[PDB]
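A quick write-up on the structure given underneath.
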Amino acid sequence: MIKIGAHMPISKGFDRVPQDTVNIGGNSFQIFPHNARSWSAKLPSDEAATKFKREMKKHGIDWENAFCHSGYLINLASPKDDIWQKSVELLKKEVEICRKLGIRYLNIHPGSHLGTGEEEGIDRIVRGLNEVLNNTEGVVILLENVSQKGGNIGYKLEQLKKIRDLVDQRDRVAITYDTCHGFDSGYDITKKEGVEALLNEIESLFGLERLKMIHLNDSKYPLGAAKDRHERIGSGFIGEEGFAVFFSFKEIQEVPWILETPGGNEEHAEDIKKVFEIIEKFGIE
Ligand SMILES: [Mg+2]
Ligand SMILES: [Mn+2]
Ligand SMILES: [Mn+2]
Ligand SMILES: [Zn+2]
């Protein structure tokens, strides 16, 4: 029923990810596309990509439940042309990594304008997305909501809509909702009226079909804190009671839930168990 997993390490190879996912009790995952520390990234070898696909098949992982997260360096809103250009080129490479692996989705944070203006930053993001999308095929870019820190763009869903609606290939732009980033920004999923408002907002701005992933993160801080410090499920200010409200909506259950909570595979296995404990304890249908 539930589509759930975690951000998984790739350091031992992409092909380990399907088994590792099953081993933590998941049926979905997110991975980085590389471990580059600068502006160039290698492709997986032919052998590595084939082995990954083989393991995906062996473990029966639904390809609609497998996601890449773009690297930490890319910033399509940067007012520094160096950074903008290098970001565009690395994002193209990340799309090609996804395409080689068969991954259908590449999730990005829109960017930060570093205090040079939301409108101008949105236009730079759009320009960058057009350069990437118009020179690649297949892969859909997911825009993730973020916290309101520095010059970040995307702390309100309206900002994601402004970007998406300007991109040429808007069918290749969809949305990821991160519960911690959202909670930081005033999206109060701890009350049913807050979840209803969130869903109404998604439906109006994008259509619900565009919600492709939820990043399921508790928060170390209260509603509105703008801190971006994730917490283990049930251990933060969203809490067991808040997640029970969020989980109760069928619209939410339809979308994969990907943990980005503190820790590694073992903590994530515990968090998946906690999610099911919450569903059971609160009698969620
Ligand atoms: Mg070789
Ligand atoms: Mn996230
Ligand atoms: Mn975060
Ligand atoms: Zn993210």
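Neighbour counts run over all protein chains shown; Cβ positions are idealised from the backbone, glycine included. Since every read-out is calculated from the coordinates, none of them should be taken as a lab result.
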### Query
Once Rh for the chain is found with the Kirkwood sum over Cα pairs, what is the Stokes-Einstein diffusion coefficient at 4 °C and 1.567 mPa s, in µm²/s?
68 µm²/s
### Task
Based on the mean of other Cβ atoms within 10 Å per residue, sort peptides 133-140, 233-240 so the most packed one is first.
233-240, 133-140
### Query
Once phi is turned into θ = phi - 60°, what whole-Hz ³J(HN,Hα) does the Karplus curve with 6.51, -1.76 and 1.60 give for every residue of the range 11-17, x standing for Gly and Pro?
4, 8, x, 4, 5, 7, 5
### Interchain or long-range residues, amide H under 5 Å from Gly236's placed H
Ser219
### Query
Say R0 is 30 Å: what FRET efficiency, to the nearest 0.05, do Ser248 and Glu158 get from their beta-carbon distance?
0.70
### Query
Using the 10 angstrom Cβ neighbour count as an exposure proxy, how do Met213, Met56 rank, fewest first?
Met56, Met213
## Note on the structure
For the range 165-285, the convex hull over Cα atoms projects on average to an area in nm² of 7.6 nm²
### Message
Which residues does the label zone of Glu209 cover in the range 120-145, counting backbone N under 19 Å from a point 7 Å along Cα→Cβ?
### Response
138-143
### Task
Figure the gain on full extension for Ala36 and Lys192 (residue separation times 0.36 nm, minus the Cα-Cα span) and round it to one decimal in nm.
52.0 nm
## Note on the structure
the chain, Gaussian network, Cα under 10 Å: of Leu73, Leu142, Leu160, the residue fluctuating most is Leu73
### Summary
The simple spin-label model distance between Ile284 and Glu118, using points 7 Å out along Cα→Cβ, in nm, is 3.1 nm
#### Entry: Nitroxide proxy distance, nm - points 7 Å out along Cα→Cβ at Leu199 and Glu137
3.8 nm
### Query
How long is the gain from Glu240 to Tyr72 if the chain were fully straight, where each residue apart is worth 0.36 nm and the alpha carbon distance is subtracted?
57.5 nm
#### Entry: the chain: relative contact order in percent, alpha carbon pairs under 8 Å with at least 6 residues between
18 percent
### Query
Measuring from centroid to centroid over Cα atoms, what is the spacing of the range 138-159 and the range 114-137 in Å?
12 Å
### Query
Near the amide H of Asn145, under 5 Å away, which other amide H atoms are found, from residues 5 or more places off or on another chain, if H is placed in the peptide plane?
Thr176, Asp178
### Task
Give me the number: length gained by fully extending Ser45 to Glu96, i.e. 0.36 nm times residue separation minus the C-alpha to C-alpha distance, one decimal in nm.
17.1 nm
### Query
Where does the chain land at 222 nm, in deg cm²/dmol rounded to the nearest 500, when only DSSP H runs of n ≥ 4 count, each adding -39500 (n - 2.57), divided by all residues?
-12500 deg cm²/dmol
#### Entry: 18 Å Cα-Cα threshold exceeded, pairs from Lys57/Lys100; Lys12/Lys53; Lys58/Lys93; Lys156/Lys220; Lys149/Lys220
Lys58/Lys93; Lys156/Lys220
### Query
How large is the dipole of the chain about the Cα centre if only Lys and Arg carry +1 and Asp and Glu carry -1, each at its Cβ, rounded to the nearest 20 debye?
860 debye
